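Q: Please find one structure pasted underneath; my questions will follow.
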Amino acid sequence: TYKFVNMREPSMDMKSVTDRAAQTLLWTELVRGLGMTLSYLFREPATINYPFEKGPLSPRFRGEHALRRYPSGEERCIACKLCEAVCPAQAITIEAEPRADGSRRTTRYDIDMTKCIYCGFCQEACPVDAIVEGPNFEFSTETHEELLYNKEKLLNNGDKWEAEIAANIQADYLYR
Amino acid sequence: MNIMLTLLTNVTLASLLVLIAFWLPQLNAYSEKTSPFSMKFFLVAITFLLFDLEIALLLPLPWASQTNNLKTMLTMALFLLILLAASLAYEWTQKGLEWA
Amino acid sequence: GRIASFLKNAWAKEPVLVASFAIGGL
Amino acid sequence: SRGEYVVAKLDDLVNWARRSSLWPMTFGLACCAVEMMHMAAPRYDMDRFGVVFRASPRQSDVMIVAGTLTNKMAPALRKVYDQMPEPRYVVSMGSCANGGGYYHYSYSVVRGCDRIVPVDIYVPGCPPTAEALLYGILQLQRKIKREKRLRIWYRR
Amino acid sequence: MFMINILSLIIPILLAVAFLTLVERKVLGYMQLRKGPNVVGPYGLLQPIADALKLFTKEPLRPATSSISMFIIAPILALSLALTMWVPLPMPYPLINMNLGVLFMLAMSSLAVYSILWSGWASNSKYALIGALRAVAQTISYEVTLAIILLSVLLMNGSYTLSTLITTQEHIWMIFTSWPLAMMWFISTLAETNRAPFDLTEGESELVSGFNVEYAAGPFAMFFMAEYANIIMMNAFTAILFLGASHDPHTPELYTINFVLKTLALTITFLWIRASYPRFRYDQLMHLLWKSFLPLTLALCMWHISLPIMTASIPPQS
Amino acid sequence: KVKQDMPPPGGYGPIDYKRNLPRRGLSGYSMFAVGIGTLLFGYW
Ligand code: SF4
Ligand code: SF4
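Chains as they are written, first to last, in the UniProt record's numbering: chain A, 64 to 239; chain B, 1 to 35, 50 to 114; chain C, 88 to 113; chain D, 108 to 263; chain E, 1 to 318; chain F, 5 to 48.
Structure (structure tokens):
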């Protein structure tokens, strides 16, 4: 159940004493550490050549939010506001009105990427798979305002990344 | 004159670099950036001095080895070294070597 | 007998001093 | 003009020198410091790019605000920024540093580090993956590459 | 043409320092499973140029406001002495041939501490002053052993003339004769150059930047150049003292190649040590020298005095 | 048919988890004898 680290008594025989005196005087353990570092020097480095080489990611990766569409092209989101409710950082602001066609659509869908925590909620809550955190992670901006996304920005992201997003959802939709 | 030349050249080169590094980059336009306990362990420094004295006394030894009275030379050299060791041992045992 | 004990303790605890004193004596 | 050509080449040289040797300071408040270290870790090692962590603010060129900036920590952050020599660039890592993130409505959290110090590059994420941070750093390098200090001086 | 020789000694040493920086970076990276600087130029050869230019173009901060004369002398003295200490070294023919070049190098090393001593004081800060004091103690503490070990080994040379070391080690390296002294001398070089595990002075993990915390842009670069030049020079002194090289009088190139390779090996050993071990505590550093090393050096000095007499191997004075 | 990420039938191979810091080097007497022999040859 329990193991004693340390709690060992060195031997007092002349051979062991000579060995320990040799270690102290001849710096044996230091040489062992040096040899370890040398071996690591001759080992192949683990660096990947970013940006030309990219780190592995799984289909469930949580990145830039992206509003998706149906195959017909109609926007999937149906103004349920379920995402705004689950949002743990209140980064989602949704406003809706009956559109001219009479469908329930969002007049405003703002995701403040400066307040969002990339929790993965909403993606798992939206009943119609509308907001889906895309695979993109390299969307840094030079100004704070660029990170306050708008419904137009989210829909453009969805249109841009739909080819990858549909494949990732297809990969993972059975696990969900 | 060779050693004097070397000294001059080195000092001038280093000072030239200090000039090109204290004034030349100081031109670049910018703006405003605003902006002891009594060490009793200094005894170690003082002991270094008295040991550096023995260091000086011991430097002639390579030429001292060339004498004909090698017996006397060896006895006196070991005498000085043993006195230095005795001084170190005394300071050690009297906790005088209280480093830091 | 006790001298051997002192030498063993010295070599176990202060080997550098033992080496120095041996070399100086030689 | 020949003078414009010489000025442009000199500005290219100084911008290349500054972007190639970017020395961020060892400044990590919260979780995003872990991903910053993972950037320093062998897989995405920043030293290849010339990015070297140097503790001294006086010997540093970029400040990475990796973590939640609390009201108690804010004056110290401003002080360390001010003691940093110029040219100086600030990279905000994490939703907490960008805009407050999870603790935006907290009484003890500064809602974004832009309020305290100017920010050049904002790295989204919570935590931003080390690859995202490396991307932000390279974007900062491109931003330095686009600088036209000597050109503007010659145009005056 | 003597000025030409001075420049030929000076400028290549500075270039070697600049590229030693890159070498250090890459070696430390590879021993940490990383790759050194490689973006800046082919295999990172242009990184030192970028580093230097960035440093020089950087803001020249100076809140010293005390004895600015000293705050400027310290970098000058450091760099000048680092360059000067290279002069007496025989590679294989020295630039200046001194009967007592060894004691000259010891004196120059002792003087070089004043650069750290003044820089930290004229900075007039907290870490700077206390860190400078810790420096004085460190260099001063190991200067003693450095001298004793040097005297002990030269007892076989028969003079303080560096050039005769080549003759003395013509048949065998002096490391075979004095390896315990060699180990202690190597550790001593490490301490004197303020390198890990004795990098207490700068001591970034403990002291933000040490004595150079208030030095930036060019003066910091001069301190860096002086530090690395001292590293290369001390390793060269080790190579000449112990790892002697064959010298054909008609073809000095062979000796020069052998000496350069040995110095490179020792510098790579310095970087290797910096990577492997952690830093000794200030107190432990002094404990290792005055209480542990100083004794053994005294015993070995007695032995190296006695051996030529009892073995009838007193070296010739000339 | 059910298909979850499950261990392979029979489970995985044993996974080493204890210190294997090897025992290396010559005995102290051997190291001292080698050093003294080198010193004697150098002296001769
Ligand atoms: S991932 Fe961001 S936007 Fe989506 S629910 Fe979580 S905090 Fe809100
Ligand atoms: S953004 Fe996320 S990871 Fe970064 S400090 Fe805030 S909570 Fe931590």
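Think of the CB as a built atom: it goes at the ideal place given N, C-alpha and C, for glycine as much as any other residue.
(1) What residue ranges within the stretch 66 to 99 of chain E form continuous alpha helix (DSSP H) runs of no fewer than 4 residues, ordered along the chain?
(2) Quick check on residue 152 (chain D): does DSSP put it in helix, strand or coil?
(3) Interface residues of chain E around residue 193 (chain D) at Cβ under 7 Å?
(4) Could you confirm whether any beta carbon from chain F is found closer than 7 Å to the beta carbon of residue 238 (chain E)?
(5) Enumerated in chain order, which unbroken segments of the beta strand (DSSP E) with a length of 3 residues or greater are wholly contained in the stretch 207 to 273 of chain E?
(6) I want to check one thing, is the minimum distance from the CB of residue 233 (chain D) to the heavy atoms of ligand 2 below 6 Å?
(7) I'd like to confirm the pairing. Which residues does DSSP put opposite residue 132 (chain D) in its beta bridges?
(8) Out of curiosity, what's the CA-to-CA distance linking residue 218 (chain A) and residue 244 (chain D)?
(9) When every heavy atom of ligand 2 is checked, does at least one fall within less than 6 Å of the C-beta of residue 189 (chain A)?
(10) How about residue 210 (chain A) and residue 229 (chain D): are their beta carbons less than 7 Å apart?
(11) With respect to the alpha helix (DSSP H) encompassing residue 66 (chain B), which residues constitute its N-terminal and C-terminal limits?
(12) Can you tell me which of the three DSSP states residue 50 (chain E) falls into?
(13) Does residue 165 (chain E) pass the burial test, meaning 16 or more other C-beta atoms within 10 Å, or should it be called exposed?
(14) Cβ atoms of residue 211 (chain E) and residue 137 (chain E): under 7 Å apart, would you say?
(15) If we cut at 7 Å on Cβ distances, does residue 145 (chain D) have a partner in chain A?
(16) Which chain F residues sit within Cβ distance under 7 Å of residue 89 (chain A)?
(17) Report yes if the C-beta distance between residue 225 (chain E) and residue 75 (chain E) is below 7 Å; otherwise report no.
(18) Counting Cβ pairs, one atom from each stretch, are 3 or more of them under 8 Å apart for the stretch 11 to 28 of chain E and the stretch 126 to 143 of chain D?
(19) Is it a yes or a no for the stretch 114 to 123 of chain D touching the stretch 210 to 222 of chain D, going by three-plus beta-carbon pairs under 8 Å?
(20) What's the call for residue 41 (chain F), buried or exposed, on a 16-neighbour Cβ count within 10 Å?
(21) Using a Cβ-Cβ cut-off of less than 9 Å, give me the residues of the stretch 273 to 294 of chain E that come near chain A, in sequence order.
(22) Can you say whether residue 19 (chain F) is buried or exposed, counting buried as having 16 or more other CB atoms within 10 angstroms of its CB?
(23) What first and last residue would you give for the beta strand (DSSP E) that runs through residue 243 (chain A)?
(24) Beta-carbon of residue 94 (chain A) versus every beta-carbon of chain C: anything under 7 Å?
(25) Quick check on residue 108 (chain A) - is its C-beta less than 7 Å from some C-beta in chain E?
(26) Nearest chain B C-beta to residue 314 (chain E) closer than 7 Å, yes or no?
(27) Starting from the Cα of residue 178 (chain D), find the closest Cα among D:218, D:190, D:191 and give me that residue.
(28) I want to verify the contact list: residues of chain A whose CB lies under 8 Å from the CB of residue 29 (chain F), in sequence order.
(29) Tell me, which residues are paired with residue 151 (chain A) by DSSP?
(30) Assign residue 228 (chain A) to one of two classes, buried (16 or more other C-beta atoms within 10 Å of its C-beta) or exposed (fewer than that).
(31) What residues of chain E sit near residue 106 (chain C), judged by a beta carbon separation below 9 Å?
(32) So the candidates are B:109, B:103, B:112, B:35; which of them puts its Cα closest to the Cα of residue 60 (chain E)?
(33) To the nearest angstrom, how far is the alpha carbon of residue 316 (chain E) from that of residue 308 (chain E)?
(34) State buried or exposed for residue 221 (chain D), treating a residue as buried only when at least 16 other CB atoms are found within 10 Å of its CB.
(35) Do the CB positions of residue 159 (chain A) and residue 33 (chain E) come within less than 7 Å of each other?
(36) Nearest-angstrom Cα distance between residue 196 (chain E) and residue 113 (chain A)?
A: The structure says:
(1) 68 to 85
(2) Counted from its first residue, the fourth sequence places residue 152 (chain D) at position 45. Reduced to three states, the DSSP call for residue 152 (chain D) is coil.
(3) As a working mapping, residue 193 (chain D) is identified with position 86 in the fourth sequence. Going along chain E in sequence order, the residues near residue 193 (chain D) (Cβ under 7 Å) are 59.
(4) Residue numbering aside, residue 238 (chain E) sits at position 238 when the fifth sequence is read from its first letter. Chain F, which has no Cβ nearer than 7 Å to the Cβ of residue 238 (chain E), makes this no.
(5) none
(6) Along the fourth sequence, read from residue 1 onward, the residue named residue 233 (chain D) stands at position 126. Correct: residue 233 (chain D) has its Cβ closer than 6 Å to ligand 2.
(7) Counting from 1 along the fourth sequence, the entry for residue 132 (chain D) is found at position 25. Partner(s): D:161.
(8) Position 155 of the first sequence holds residue 218 (chain A). Position 137 of the fourth sequence holds residue 244 (chain D). Answer to the nearest angstrom: the Cα atoms are 27 Å apart.
(9) Against the first sequence, residue 189 (chain A) aligns to sequence position 126. Not so, every heavy atom of ligand 2 lies at least 6 Å from the Cβ.
(10) Numbered from 1 along the first sequence, position 147 holds the residue referred to as residue 210 (chain A). Numbered from 1 along the fourth sequence, position 122 holds the residue referred to as residue 229 (chain D). Taking 7 Å as the Cβ cut-off, residue 210 (chain A) and residue 229 (chain D) qualify as a contacting pair.
(11) By 1-based counting over the second sequence, the position of residue 66 (chain B) is 52. Here the alpha helix (DSSP H) through residue 66 (chain B) covers 57 to 72.
(12) Here residue 50 (chain E) refers to the residue found at position 50 when the fifth sequence is read from its first residue. Reduced to three states, the DSSP call for residue 50 (chain E) is helix.
(13) Against the fifth sequence, residue 165 (chain E) aligns to sequence position 165. Classification for residue 165 (chain E): buried.
(14) Position 137 of the fifth sequence, counted from the first residue, corresponds to residue 137 (chain E). Position 211 of the fifth sequence, counted from the first residue, corresponds to residue 211 (chain E). Taking 7 Å as the Cβ cut-off, residue 137 (chain E) and residue 211 (chain E) do not qualify as a contacting pair.
(15) Start at 1 with the first residue of the fourth sequence, and residue 145 (chain D) comes out as number 38. It does not: the Cβ of residue 145 (chain D) has no partner Cβ on chain A nearer than 7 Å.
(16) Here residue 89 (chain A) refers to the residue found at position 26 of the first sequence. Result: 35.
(17) Counting from 1 along the fifth sequence, the entry for residue 225 (chain E) is found at position 225. Counting from 1 along the fifth sequence, the entry for residue 75 (chain E) is found at position 75. Result no, Cβ atoms of residue 225 (chain E) and residue 75 (chain E) do not sit closer than 7 Å.
(18) no
(19) no
(20) Looking up residue 41 (chain F) in the sixth sequence gives position 37. It is exposed - the Cβ of residue 41 (chain F) has fewer than 16 other Cβ atoms within 10 Å.
(21) 273, 275, 276, 277
(22) Looking up residue 19 (chain F) in the sixth sequence gives position 15. Classification for residue 19 (chain F): exposed.
(23) There is no way to answer for residue 243 (chain A), as the model of chain A reaches only from 64 to 239.
(24) Here the question's residue 94 (chain A) lines up with position 31 in the first sequence. Closer than 7 Å: no.
(25) One-based indexing of the first sequence puts residue 108 (chain A) at position 45. For residue 108 (chain A), the answer is yes, since a Cβ of chain E falls inside 7 Å of its Cβ.
(26) Looking up residue 314 (chain E) in the fifth sequence gives position 314. At least one chain B Cβ lies under 7 Å of residue 314 (chain E).
(27) Counted from its first residue, the fourth sequence places residue 178 (chain D) at position 71. For the residues D:218, D:190, D:191, the minimum Cα distance to residue 178 (chain D) belongs to D:218.
(28) If you number the sixth sequence from 1, residue 29 (chain F) lands on position 25. By Cβ distance, chain A contributes 91.
(29) Taking the first sequence and counting its residues from 1, the one referred to as residue 151 (chain A) is at position 88. According to DSSP, which records beta bridges pairwise, residue 151 (chain A) is partnered with nothing at all.
(30) Position 165 of the first sequence, counted from the first residue, corresponds to residue 228 (chain A). So residue 228 (chain A) counts as buried.
(31) As a first step, residue 106 (chain C) must be located in the third sequence, where it is residue number 19. Result: 180, 295, 296, 299.
(32) Numbered from its first residue, the fifth sequence carries residue 60 (chain E) at position 60. Out of B:109, B:103, B:112, B:35, B:35 has the C-alpha closest to the C-alpha of residue 60 (chain E).
(33) Locating residue 316 (chain E) in the fifth sequence gives position 316, counting from the first residue. Locating residue 308 (chain E) in the fifth sequence gives position 308, counting from the first residue. Distance between the alpha carbons of residue 316 (chain E) and residue 308 (chain E): 11 Å.
(34) By 1-based counting over the fourth sequence, the position of residue 221 (chain D) is 114. Result: buried.
(35) Indexing the first sequence from 1 puts residue 159 (chain A) at position 96. Indexing the fifth sequence from 1 puts residue 33 (chain E) at position 33. In this structure, residue 33 (chain E) does not lie closer than 7 Å to residue 159 (chain A) by Cβ.
(36) Locating residue 196 (chain E) in the fifth sequence gives position 196, counting from the first residue. Locating residue 113 (chain A) in the first sequence gives position 50, counting from the first residue. Rounded to the nearest angstrom, the two C-alpha atoms are 32 Å apart.
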